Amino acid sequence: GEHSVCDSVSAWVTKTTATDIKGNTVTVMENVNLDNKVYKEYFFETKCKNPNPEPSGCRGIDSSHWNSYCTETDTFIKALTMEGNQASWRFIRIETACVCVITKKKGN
């Protein structure tokens, strides 16, 4: 009977553009060519379903002492890309989890 403190939505997605590990925005190839056959590029993306499952932020948080919200953390997936017209293999930034972050309130 377990709950996560923030709700997530995971799916397989394709991207046309992404941002690599170092920051460059880069075109992500529709297809890739390995072992004389073509494959599409898919990515397992996990986003936040919303930033406040509970009206007071993350779930099960002590609201009296903590303000909170849920936001995503990234992973880095190797993919075939292109910056300008130079094609290269790079690690690109895919959202991989939905995590709660807290701000010690003495104000909000």
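All residue numbers are counted from 1 along the displayed sequence.
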item: Selected stretch [higher average CA B-factor]: 73 to 81 or 32 to 40; value: 32 to 40
item: 2 to 10 versus 99 to 107 - which carries the larger mean C-alpha B factor in the record; value: 99 to 107
item: Cα B factor band for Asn50 (lowest, middle or highest third within the chain); value: middle
item: Record-listed C-alpha B factor of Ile61: chain third; value: highest
